[PDB]
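Asks: I'd like to ask some things about the structure below.
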Amino acid sequence: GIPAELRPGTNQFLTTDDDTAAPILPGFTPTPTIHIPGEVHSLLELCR
Amino acid sequence: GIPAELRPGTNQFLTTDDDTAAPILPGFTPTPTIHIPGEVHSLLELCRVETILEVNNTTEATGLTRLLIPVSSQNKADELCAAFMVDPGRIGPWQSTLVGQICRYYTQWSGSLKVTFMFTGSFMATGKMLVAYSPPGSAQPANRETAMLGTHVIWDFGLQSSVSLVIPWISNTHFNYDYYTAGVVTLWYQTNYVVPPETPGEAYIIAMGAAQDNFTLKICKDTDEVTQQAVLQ
Amino acid sequence: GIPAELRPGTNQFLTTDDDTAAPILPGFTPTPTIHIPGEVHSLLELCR
Amino acid sequence: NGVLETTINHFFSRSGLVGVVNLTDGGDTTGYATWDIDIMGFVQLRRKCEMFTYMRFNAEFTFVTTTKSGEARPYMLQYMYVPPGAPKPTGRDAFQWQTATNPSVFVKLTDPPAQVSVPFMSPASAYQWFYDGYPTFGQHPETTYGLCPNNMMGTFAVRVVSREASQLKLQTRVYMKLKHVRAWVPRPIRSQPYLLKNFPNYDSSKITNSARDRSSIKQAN
Amino acid sequence: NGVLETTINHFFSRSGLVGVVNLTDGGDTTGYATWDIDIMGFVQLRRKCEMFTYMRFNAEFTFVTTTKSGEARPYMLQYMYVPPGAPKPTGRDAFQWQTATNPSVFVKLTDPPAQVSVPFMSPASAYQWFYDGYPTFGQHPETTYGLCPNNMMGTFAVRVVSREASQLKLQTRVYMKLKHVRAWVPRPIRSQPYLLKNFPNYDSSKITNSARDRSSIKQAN
Amino acid sequence: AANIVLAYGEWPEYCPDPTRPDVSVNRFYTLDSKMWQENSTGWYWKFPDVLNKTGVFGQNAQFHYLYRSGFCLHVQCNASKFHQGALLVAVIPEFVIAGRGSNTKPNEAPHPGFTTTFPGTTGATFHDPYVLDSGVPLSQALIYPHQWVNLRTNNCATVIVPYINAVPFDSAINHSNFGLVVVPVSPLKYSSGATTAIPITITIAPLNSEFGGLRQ
Amino acid sequence: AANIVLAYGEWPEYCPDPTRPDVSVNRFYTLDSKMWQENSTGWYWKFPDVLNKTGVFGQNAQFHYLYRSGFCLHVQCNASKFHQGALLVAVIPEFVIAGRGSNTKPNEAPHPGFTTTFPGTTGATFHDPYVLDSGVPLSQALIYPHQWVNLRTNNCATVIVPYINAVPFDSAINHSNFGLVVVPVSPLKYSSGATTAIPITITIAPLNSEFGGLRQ
């Protein structure tokens with residue numbers, strides 16, 4: 001197969017990392033989102 | 001999934017390797033960089049600066065006087081004033097310069113060097129020196145006459161307050177019995193030092209040197225220049 | 001991440017194999033080659 | 001002839017050892033170990049980054065951990081990185097370790113080393129190892145001269161993950177690689193030995209000469 | 001009919017065993033082991049690269065390490081490569097091992113072997129195994145004949161990473177593959193056996209004939 | 001005026017689009033001259049200090065919380081044709097003197113006093129100039145922006161330095177951006193009967209200045 | 001002149017854009033002829049040596065630190081039609097003789113003496129030519145640039161060799177680029193009454209020479 005080599009940082013759990021975790025329920029489609037007024041994007045909007 | 005096979009070199013940490021390490025703070029954006037003047041890209045930019053050699057280093061003048069080589073009235077013409085080997089990488093006068101200290105971090109160098117002299121005597125004083133370079137393999141020139149036959153510059157103080165001499169080529173090579181033979185540069189009295197009355201009869205030459213454009217270094221290593229080993233605390 | 005599966009022949013050192021070994025000195029550039037006469041490409045050149 | 005070995009970035013490459021920290025479990029008093037990030041620690045890398053004034057870079061740390069006898073065993077470790085300004089763990093069991101904003105890497109002792117990168121953390125546009133002045137604005141009436149808080153890069157702390165104490169003993173060699181290095185306004189490189197860790201202070205009586213002496217000025221070896 | 005097996009590069013391929021080094025821990029006097037890189041070591045590969053004069057190539061080393069009984073255990077090892085011109089480690093605990101410019105590979109004993117590549121390190125444009133002359137320029141007044149420092153390829157050193165000494169005993173088979181091989185100005189291949197390692201010297205009294213004899217010239221087997 | 005040294009090949013500029021004192025701060029300030037003699041060991045001036053307590057420039061800096069500017073420095077040495085010597089005029093950023101007289105501990109390490117760190121208008125004097133009191137090799141001081149003033153040749157040295165720092169603005173009282181070091185590399189020599197002590201005059205023009213955060 | 005051997009099919013050239021002695025070094029040098037007889041075992045000349053102490057070429061090489069050139073070699077053998085034999089004229093790069101008389105240790109191993117390694121103008125003589133004193137099989141010496149000079153046929157052998165080395169320039173005194181080996185493969189035979197000893201004359205023209213680093 002494709003030759004690969006493992007590098008340091010293998011088998012480590014970094015709390016701040018980012019990557020796709022396998023969905024526990026792949027075929028589940030969640031309730032579609034409606035329009036709820038007053039959505040907050042940034043905290044700066046909330047500081048002013 | 002994608003079939004894979006592990007190869008030797010797996011699970012090894014190679015200090016000199018290169019690869020992306022996972023950012024501990026992915027969403028952090030650092031302070032944008034402004035313009036700070038005097039940025040340094042290569043160390044060669046930093047070698048070409050000409051800095052003072054210590055040509056008088058021996059157990060007599062200890063201090064700032066260690067940077068200065070003298071001339072006087074009592075010295076007859078046609079005799080040697082001072083001499084020093086030209087290599088950046090060994091002990092002696094070049095350890096004070098950048099090019100000398102920067103060559104401690106690299107095993108092999110080669111290129112052309114630039115040696116420059118400056119005269120601090122009085123505006124009224126006058127004389128001449130013969131500054132000559134003997135290529136490697138030739139020994140210490142014994143006489144001014146044989147020194148003249150090589151690569152030299154007659155340098156008259158009254159005319160020029162500074163002279164410059166480009167040594168053509170110099171580099172290290174291996175493969176203390178080798179003792180790395182390299183060239184030497186000597187500085188001779190062409191004529192005795194002439195001075196008018198009511199003027200000091202003793203002056204100093206100050207010598208400084210730097211690399212030129214084609215000077216290159218390679219094969220990095222750490223310096224023996226410091227034995228300190230982790231002050232800390 | 002990318003789903004993968006290890007196959008037999010993993011973690012083996014085959015003397016005759018071929019693959020990139022990590023350079024111990026990545027930033028080192030070797031002395032450029034000059035022209036040296038009498039280069040030998042094949043041993044057959046040397047049999048004749 | 002390739003210039004690439006003399007560039008300012010290659011000169012700081014090649015991860016070296018910036019510190020070592022020891023860990024022993026009595027379980028309560030000290031069950032942990034902490035190491036402040038300081039690149040002034042040893043004298044090789046100190047003397048290199050003191051030939052410049054302002055430097056801006058990234059750090060990449062690799063944690064090599066073994067046991068006292070040296071043979072591993074599958075114990076799990078936690079490497080917490082407390083960014084500058086956060087409180088440091090005061091105990092093995094302290095609540096500091098569950099703080100979400102302190103990133104961590106859980107890695108077993110039998111694995112290859114753990115590796116992370118740190119960004120450029122200063123509020124200033126670059127680090128400066130030479131600061132002439134005082135940190136305080138409060139009209140210092142007048143030992144605080146030269147020390148600027150801006151260079152704090154954070155801290156690592158290490159523990160063993162377990163409910164009870166495990167009697168093993170560890171030390172962690174921490175290798176740091178230095179990436180994307182920009183450097184400004186160079187200095188001369190130090191002749192004299194170092195005395196105090198964080199300060200330029202040197203010895204006035206013992207001053208060593210920059211160039212080894214010889215017999216006479218006009219005799220060349 | 002495919003020429004590719006006779007090319008000069010395929011003839012030097014196929015990593016073989018270029019040396020073996022033993023390691024034992026008393027912890028202090030010798031806790032380490034060092035091996036200079038020499039491809040003249042054994043007689044198979046020596047006789048091949050002595051049929052040429054100038055050769056230029058890369059090296060690829062693979063370190064197979066086992067224990068005396070042969071069964072592994074997860075101890076960590078350090079392979080330091082000191083490039084030509086650097087000082088060699090004088091002790092297990094010596095400061096040589098923390099030098100940043102000496103690359104290293106930390107790998108556990110239970111892993112697959114560690115593998116690295118070396119570039120072409122000579123200042124000259126190619127290696128030369130036959131040098132007629134003297135290394136010194138100092139007018140040799142006249143055992144130093146034939147030995148050129150240019151062929152120094154560096155050195156490896158091996159230690160076990162630990163704070164205390166571990167009583168295990170190891171030996172390291174080191175296999176070397178030879179890549180991107182160019183070769184020039186061929187020689188004849190040696191008839192006589194080798195006596196001294198680094199020198200052509202042979203035995204004048206015992207000279208062996210190149211072709212095994214037979215009964216009579218005019219009788220063909 | 002024959003040769004100006006332009007530090008780091010870059011000219012002073014204003015804030016890269018914080019106020020400007022028009023042309024009001026533009027004029028020469030002439031410091032008290034230093035008297036150089038056979039045994040003189042050198043001098044230095046922490047620069048955004050020297051002008052702190054003197055002049056219209058001084059009132060702004062003490063009453064404003066942030067500060068930015070470059071400078072133009074002129075160093076003249078008046079002396080006859082019978083005097084001889086050489087000086088090294090260098091502008092070295094973030095010049096930090098050091099405690100000498102080694103006692104190495106966390107506690108009793110002899111840090112410099114404020115009068116030794118910030119000298120004021122009268123500048124200070126090197127104990128041992130060979131290390132520049134930095135522990136660093138003076139023979140390498142030629143890295144920085146520098147000029148040789150050699151009595152044999154021209155007696156003037158001028159250097160323009162831009163504002164350099166990791167931040168755009170900084171306090172004028174606490175932080176000293178660059179120091180100005182003047183050392184007598186080759187000692188002064190004169191024949192008997194000549195005037196014994198040679199004066200050194202340094203004139204500084206705070207060109208391209210900015211201030212902010214006034215304090216009533 | 002019937003056939004020239006052009007070593008490795010490549011002509012001498014100058015430095016691939018270090019000085020040139022115009023045409024001044026271009027001329028034939030004729031070595032002392034060697035006297036070949038029934039029992040003669042062969043000869044060799046370390047080449048950038050033979051000319052080192054003799055001639056205008058010799059003064060340049062001893063007084064210059066670096067050296068580069070190729071050569072043109074002519075080997076003539078004068079002899080009657082009643083003499084017979086054959087010689088093998090070969091130019092073998094980096095010819096390194098070897099210590100014979102085996103004692104194998106780190107210490108007492110009998111390395112060759114300087115007079116044996118660099119023979120000088122008069123060349124040297126093989127102890128046992130069968131191995132070429134290299135330990136290598138002479139029967140394979142035909143690899144190198146070579147010519148047969150066979151008294152039955154033409155008596156001249158000419159070979160042009162280019163400068164070969166891993167570096168562009170090298171010292172003339174210390175390093176001997178190539179040796180010139182002349183061996184009597186088939187022994188000389190002559191009838192009674194004929195002249196007993198046959199001379200061998202080698203003429204060498206240092207074409208395309210360069211020097212550098214003169215020493216006063």
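Residues are referred to by chain and number: the chain letter is A, B, ... according to the order shown in the structure tokens, the number counts from 1 in that chain, and ligands are numbered separately from 1 in the order shown.
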As a PyMOL selection string, please: all residues of chain C that backbone DSSP puts in helix (DSSP H, G or I).

Replies: chain C and resi 44-47

Asks: How close does each residue of chain C get to chain E, giving the shortest atom pair and distance in Å to one decimal for every residue with an atom at most 7 Å away, counting only C-alpha atoms, sorted by chain and residue number, as a tab-separated table?

Replies:
```
residue	atom	partner	partner_atom	distance
C:11	CA	E:112	CA	5.6
C:12	CA	E:112	CA	6.9
C:15	CA	E:15	CA	5.4
C:16	CA	E:14	CA	4.7
C:21	CA	E:116	CA	5.3
C:22	CA	E:116	CA	5.3
C:23	CA	E:117	CA	4.6
C:24	CA	E:117	CA	5.6
C:30	CA	E:120	CA	5.8
C:31	CA	E:125	CA	6.0
C:32	CA	E:125	CA	6.7
C:33	CA	E:125	CA	5.4
C:34	CA	E:125	CA	6.6
C:38	CA	E:185	CA	4.9
C:39	CA	E:184	CA	4.1
C:40	CA	E:184	CA	5.6
C:41	CA	E:8	CA	5.3
C:42	CA	E:7	CA	4.1
C:43	CA	E:6	CA	5.5
C:44	CA	E:6	CA	6.8
```

Asks: Show me, as a ChimeraX atom specification, the residues that have an atom within 12 Å of residue G:124 when counting only C-alpha atoms, minus same-chain residues fewer than 2 positions from it.

Replies: /G:34,40-47,50,97,114-122,126-127,129,133,179-183

Asks: Determine, for each residue of stretch 56-169 of chain F having at least one atom at most 12 Å from an atom of stretch 39-47 of chain B, the closest pair of atoms and their separation in Å to one decimal, counting only C-alpha atoms; order by chain and ascending number, as JSON lines.

Replies:
```
{"residue": "F:140", "atom": "CA", "partner": "B:47", "partner_atom": "CA", "distance": 11.0}
{"residue": "F:142", "atom": "CA", "partner": "B:46", "partner_atom": "CA", "distance": 11.0}
{"residue": "F:143", "atom": "CA", "partner": "B:46", "partner_atom": "CA", "distance": 8.0}
{"residue": "F:144", "atom": "CA", "partner": "B:46", "partner_atom": "CA", "distance": 10.9}
{"residue": "F:164", "atom": "CA", "partner": "B:39", "partner_atom": "CA", "distance": 11.3}
```

Asks: When distances are computed from only C-alpha atoms, which of F:58, F:145, F:213, F:206 shows the smallest separation from residue F:170?

Replies: F:213

Asks: Please determine the contact residues of chain E with respect to chain G at a cut-off of 10 Å, counting only C-alpha atoms, and supply them as a PyMOL selection string.

Replies: chain E and resi 51+53-55+123-146+184-197+199-207+209-210

Asks: Keeping only C-alpha atoms, write the selected residues as a PDB file, in the first residue's frame.

Replies:
```
ATOM      1  CA  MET E  51      37.662  -0.425  -9.006  1.00  0.00           C
ATOM      2  CA  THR E  53      38.958   6.388  -8.591  1.00  0.00           C
ATOM      3  CA  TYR E  54      36.469   9.202  -8.004  1.00  0.00           C
ATOM      4  CA  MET E  55      32.980   8.447  -6.708  1.00  0.00           C
ATOM      5  CA  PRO E 123      34.759  19.840   0.047  1.00  0.00           C
ATOM      6  CA  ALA E 124      36.086  18.216  -3.128  1.00  0.00           C
ATOM      7  CA  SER E 125      33.773  17.458  -6.022  1.00  0.00           C
ATOM      8  CA  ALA E 126      33.990  13.691  -5.432  1.00  0.00           C
ATOM      9  CA  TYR E 127      35.533  11.226  -3.059  1.00  0.00           C
ATOM     10  CA  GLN E 128      38.820   9.654  -4.052  1.00  0.00           C
ATOM     11  CA  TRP E 129      39.964   6.389  -2.554  1.00  0.00           C
ATOM     12  CA  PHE E 130      43.378   6.545  -4.250  1.00  0.00           C
ATOM     13  CA  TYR E 131      45.446   9.618  -3.409  1.00  0.00           C
ATOM     14  CA  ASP E 132      49.061   9.797  -4.547  1.00  0.00           C
ATOM     15  CA  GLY E 133      50.855  12.375  -2.475  1.00  0.00           C
ATOM     16  CA  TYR E 134      51.020  13.955   0.947  1.00  0.00           C
ATOM     17  CA  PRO E 135      48.334  15.879   2.851  1.00  0.00           C
ATOM     18  CA  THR E 136      50.775  18.467   4.209  1.00  0.00           C
ATOM     19  CA  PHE E 137      51.855  21.637   2.403  1.00  0.00           C
ATOM     20  CA  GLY E 138      54.535  22.475   4.966  1.00  0.00           C
ATOM     21  CA  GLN E 139      57.439  20.943   3.013  1.00  0.00           C
ATOM     22  CA  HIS E 140      57.390  17.490   4.571  1.00  0.00           C
ATOM     23  CA  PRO E 141      61.061  16.852   5.453  1.00  0.00           C
ATOM     24  CA  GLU E 142      61.048  13.045   4.909  1.00  0.00           C
ATOM     25  CA  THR E 143      53.298   6.649   7.000  1.00  0.00           C
ATOM     26  CA  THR E 144      51.325   9.763   6.072  1.00  0.00           C
ATOM     27  CA  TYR E 145      51.483   8.875   2.362  1.00  0.00           C
ATOM     28  CA  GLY E 146      48.116   8.226   0.736  1.00  0.00           C
ATOM     29  CA  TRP E 184      34.758   8.009 -12.818  1.00  0.00           C
ATOM     30  CA  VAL E 185      38.032   6.792 -14.341  1.00  0.00           C
ATOM     31  CA  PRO E 186      37.893   3.085 -13.477  1.00  0.00           C
ATOM     32  CA  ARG E 187      40.698   0.912 -12.153  1.00  0.00           C
ATOM     33  CA  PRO E 188      41.496  -2.783 -12.290  1.00  0.00           C
ATOM     34  CA  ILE E 189      40.079  -4.864  -9.473  1.00  0.00           C
ATOM     35  CA  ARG E 190      42.438  -6.260  -6.891  1.00  0.00           C
ATOM     36  CA  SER E 191      43.938  -9.731  -7.196  1.00  0.00           C
ATOM     37  CA  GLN E 192      45.871  -9.826  -3.953  1.00  0.00           C
ATOM     38  CA  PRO E 193      44.395 -10.076  -0.447  1.00  0.00           C
ATOM     39  CA  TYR E 194      44.276  -7.085   1.872  1.00  0.00           C
ATOM     40  CA  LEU E 195      46.571  -6.719   4.867  1.00  0.00           C
ATOM     41  CA  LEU E 196      46.310  -3.272   6.395  1.00  0.00           C
ATOM     42  CA  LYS E 197      42.873  -1.678   6.585  1.00  0.00           C
ATOM     43  CA  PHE E 199      46.460   1.056   2.822  1.00  0.00           C
ATOM     44  CA  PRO E 200      47.143  -0.850  -0.416  1.00  0.00           C
ATOM     45  CA  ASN E 201      50.047  -2.786   1.157  1.00  0.00           C
ATOM     46  CA  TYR E 202      50.219  -6.441   0.109  1.00  0.00           C
ATOM     47  CA  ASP E 203      52.448  -9.470   0.668  1.00  0.00           C
ATOM     48  CA  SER E 204      55.382  -9.721  -1.720  1.00  0.00           C
ATOM     49  CA  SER E 205      56.532 -13.243  -0.856  1.00  0.00           C
ATOM     50  CA  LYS E 206      53.166 -15.031  -0.907  1.00  0.00           C
ATOM     51  CA  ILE E 207      51.835 -13.520  -4.154  1.00  0.00           C
ATOM     52  CA  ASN E 209      48.427 -16.089  -9.158  1.00  0.00           C
ATOM     53  CA  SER E 210      45.399 -14.522 -10.785  1.00  0.00           C
TER      54      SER E 210
END
```

Asks: To test your reading of the structure, identify every residue in stretch 42-207 of chain D that backbone DSSP assigns to strand (DSSP E), and report it as JSON, numbers by chain.

Replies: {"D": [54, 55, 56, 57, 58, 59, 60, 61, 62, 63, 64, 65, 66, 67, 76, 77, 78, 79, 80, 81, 82, 104, 105, 106, 107, 108, 114, 115, 116, 117, 118, 127, 128, 155, 156, 157, 158, 159, 160, 169, 170, 171, 172, 173, 174, 175, 176, 177, 178, 179, 180, 181, 182, 183, 184]}

Asks: Report, in Å to a single decimal, how far apart atom CA of residue B:95 and atom CA of residue B:226 are.

Replies: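 Taking atom CA of residue B:226 as the start and atom CA of residue B:95 as the end point, the length is 12.5 Å.
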
Asks: Taking only C-alpha atoms into account, what are the residues of chain B at most 6 Å from chain C, put as a ChimeraX atom specification?

Replies: /B:1-7

Asks: Determine, using only C-alpha atoms, which residues of chain B have any atom at most 7 Å from an atom of chain D, and tabulate each with its shortest atom pair and distance in Å to one decimal place, rows ordered by chain and then rising number, as a Markdown table.

Replies:
```
| residue | atom | partner | partner_atom | distance |
| --- | --- | --- | --- | --- |
| B:11 | CA | D:112 | CA | 5.6 |
| B:12 | CA | D:112 | CA | 6.9 |
| B:15 | CA | D:15 | CA | 5.4 |
| B:16 | CA | D:14 | CA | 4.7 |
| B:21 | CA | D:116 | CA | 5.3 |
| B:22 | CA | D:116 | CA | 5.3 |
| B:23 | CA | D:117 | CA | 4.6 |
| B:24 | CA | D:117 | CA | 5.6 |
| B:30 | CA | D:120 | CA | 5.8 |
| B:31 | CA | D:125 | CA | 6.0 |
| B:32 | CA | D:125 | CA | 6.7 |
| B:33 | CA | D:125 | CA | 5.4 |
| B:34 | CA | D:125 | CA | 6.6 |
| B:38 | CA | D:185 | CA | 4.9 |
| B:39 | CA | D:184 | CA | 4.1 |
| B:40 | CA | D:184 | CA | 5.6 |
| B:41 | CA | D:8 | CA | 5.3 |
| B:42 | CA | D:7 | CA | 4.1 |
| B:43 | CA | D:6 | CA | 5.5 |
| B:44 | CA | D:6 | CA | 6.8 |
| B:55 | CA | D:217 | CA | 6.9 |
| B:56 | CA | D:217 | CA | 5.6 |
| B:57 | CA | D:213 | CA | 4.9 |
| B:58 | CA | D:213 | CA | 4.6 |
| B:59 | CA | D:213 | CA | 6.8 |
| B:80 | CA | D:218 | CA | 6.9 |
| B:81 | CA | D:218 | CA | 6.3 |
| B:82 | CA | D:218 | CA | 4.2 |
| B:83 | CA | D:218 | CA | 5.1 |
| B:84 | CA | D:220 | CA | 5.3 |
| B:85 | CA | D:220 | CA | 6.1 |
| B:91 | CA | D:212 | CA | 6.2 |
| B:92 | CA | D:211 | CA | 5.0 |
| B:93 | CA | D:211 | CA | 6.0 |
| B:95 | CA | D:211 | CA | 5.3 |
| B:96 | CA | D:210 | CA | 5.7 |
| B:216 | CA | D:1 | CA | 6.3 |
| B:218 | CA | D:5 | CA | 6.5 |
| B:228 | CA | D:43 | CA | 6.4 |
| B:229 | CA | D:43 | CA | 5.8 |
| B:230 | CA | D:42 | CA | 4.1 |
| B:231 | CA | D:197 | CA | 6.1 |
| B:232 | CA | D:197 | CA | 5.0 |
| B:233 | CA | D:197 | CA | 6.0 |
```

Asks: What does the file look like for those residues with C-alpha atoms, as a short mmCIF file (atom, residue, chain, number, x, y, z; two decimals), in the first residue's frame?

Replies:
```cif
data_model
loop_
_atom_site.label_atom_id
_atom_site.label_comp_id
_atom_site.auth_asym_id
_atom_site.auth_seq_id
_atom_site.Cartn_x
_atom_site.Cartn_y
_atom_site.Cartn_z
CA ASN B 11 8.02 6.75 15.37
CA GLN B 12 11.42 8.46 15.34
CA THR B 15 16.05 16.85 15.68
CA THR B 16 16.81 18.37 12.28
CA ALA B 21 3.57 20.62 14.52
CA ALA B 22 -0.02 21.09 15.60
CA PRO B 23 -0.61 24.69 16.76
CA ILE B 24 -1.39 24.76 20.46
CA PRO B 30 -0.41 37.35 16.51
CA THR B 31 0.30 41.05 16.56
CA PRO B 32 0.86 42.19 12.97
CA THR B 33 4.44 43.11 12.20
CA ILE B 34 5.37 46.74 11.68
CA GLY B 38 17.82 47.31 9.97
CA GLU B 39 16.58 43.79 9.32
CA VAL B 40 19.16 41.05 8.85
CA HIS B 41 18.54 38.37 6.23
CA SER B 42 21.89 36.58 5.87
CA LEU B 43 24.89 36.40 8.16
CA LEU B 44 27.08 37.34 5.20
CA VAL B 55 47.40 42.85 16.26
CA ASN B 56 49.14 43.62 19.56
CA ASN B 57 47.80 40.94 21.86
CA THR B 58 50.84 39.95 23.93
CA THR B 59 51.12 40.34 27.69
CA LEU B 80 59.60 45.08 10.37
CA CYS B 81 56.86 46.83 12.32
CA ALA B 82 54.26 44.10 12.78
CA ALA B 83 52.86 41.01 11.10
CA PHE B 84 49.89 38.73 11.58
CA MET B 85 48.63 35.59 9.88
CA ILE B 91 43.31 31.92 17.49
CA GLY B 92 44.87 35.36 17.52
CA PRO B 93 44.08 38.71 15.95
CA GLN B 95 39.04 36.41 17.22
CA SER B 96 38.02 40.02 17.83
CA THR B 216 31.01 31.78 1.79
CA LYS B 218 29.15 25.95 5.11
CA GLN B 228 30.09 28.17 30.01
CA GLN B 229 27.50 25.36 29.87
CA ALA B 230 24.24 26.74 31.24
CA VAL B 231 24.64 29.45 33.85
CA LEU B 232 20.88 29.36 34.61
CA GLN B 233 19.55 29.89 38.16
#
```

Asks: Please identify all polymer residues within 7 Å of stretch 158-168 of chain E, counting only C-alpha atoms, omitting same-chain residues fewer than 4 positions from it, and present them as a VMD selection string.

Replies: (chain D and resid 66 to 70) or (chain E and resid 24 to 27 31 to 34 76 to 80 92)

Asks: Could you work out which residues of chain B fall inside 6 Å of chain G? Count only C-alpha atoms, and format the result as a ChimeraX atom specification.

Replies: /B:138,149-150

Asks: Atom CA of residue G:153 and atom CA of residue G:203, how far apart in Å?

Replies: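 Computing the Euclidean distance for atom CA of residue G:203 and atom CA of residue G:153 yields 20.1 Å.
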
Asks: Tell me, in Å to one decimal, how far atom CA of residue B:184 is from atom CA of residue B:87.

Replies: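 Going from atom CA of residue B:184 over to atom CA of residue B:87 covers 8.6 Å.
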
Asks: Which residues come within 9 Å of residue B:172, counting only C-alpha atoms, excluding same-chain residues fewer than 4 positions away, as a PyMOL selection string?

Replies: chain B and resi 87+89+107-110+180+182

Asks: Store the residues of this selection in a file with N, CA and C atoms, as an mmCIF file, in the first residue's frame.

Replies:
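Final output, part.cif:
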```
data_model
loop_
_atom_site.group_PDB
_atom_site.id
_atom_site.type_symbol
_atom_site.label_atom_id
_atom_site.label_comp_id
_atom_site.auth_asym_id
_atom_site.auth_seq_id
_atom_site.Cartn_x
_atom_site.Cartn_y
_atom_site.Cartn_z
ATOM 1 N N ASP B 87 43.939 34.375 8.808
ATOM 2 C CA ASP B 87 42.899 33.387 8.787
ATOM 3 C C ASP B 87 41.821 33.850 9.750
ATOM 4 N N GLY B 89 39.658 31.769 11.177
ATOM 5 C CA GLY B 89 39.174 30.697 12.010
ATOM 6 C C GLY B 89 40.071 30.195 13.108
ATOM 7 N N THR B 107 32.317 25.058 9.686
ATOM 8 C CA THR B 107 33.559 24.299 9.578
ATOM 9 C C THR B 107 34.395 24.728 8.379
ATOM 10 N N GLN B 108 33.769 24.971 7.237
ATOM 11 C CA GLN B 108 34.484 25.303 6.014
ATOM 12 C C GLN B 108 34.125 26.711 5.578
ATOM 13 N N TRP B 109 35.134 27.496 5.228
ATOM 14 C CA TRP B 109 34.924 28.792 4.606
ATOM 15 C C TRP B 109 35.952 28.978 3.509
ATOM 16 N N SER B 110 35.731 30.002 2.697
ATOM 17 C CA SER B 110 36.634 30.369 1.625
ATOM 18 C C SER B 110 36.081 31.620 0.975
ATOM 19 N N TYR B 180 47.464 23.922 9.520
ATOM 20 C CA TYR B 180 46.733 24.796 8.604
ATOM 21 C C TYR B 180 47.554 25.982 8.100
ATOM 22 N N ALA B 182 48.566 29.070 6.186
ATOM 23 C CA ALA B 182 47.857 30.113 5.460
ATOM 24 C C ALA B 182 48.804 31.287 5.266
#
```

Asks: Contacts of residue G:3 at 12 Å or less, counting only C-alpha atoms, minus same-chain residues fewer than 5 places along, as a VMD selection string?

Replies: chain G and resid 74 146 to 149 154 to 160

Asks: Can you work out which one of F:132, F:31, F:7, F:89 has the shortest atom-to-atom distance to residue F:202, counting only C-alpha atoms?

Replies: F:31

Asks: Residue B:162: which residues within 12 Å, counting only C-alpha atoms, same-chain residues fewer than 4 positions away excluded, as a VMD selection string?

Replies: (chain B and resid 115 to 121 128 to 129 131 153 to 158 205 to 208) or (chain F and resid 148 150 152 to 153)
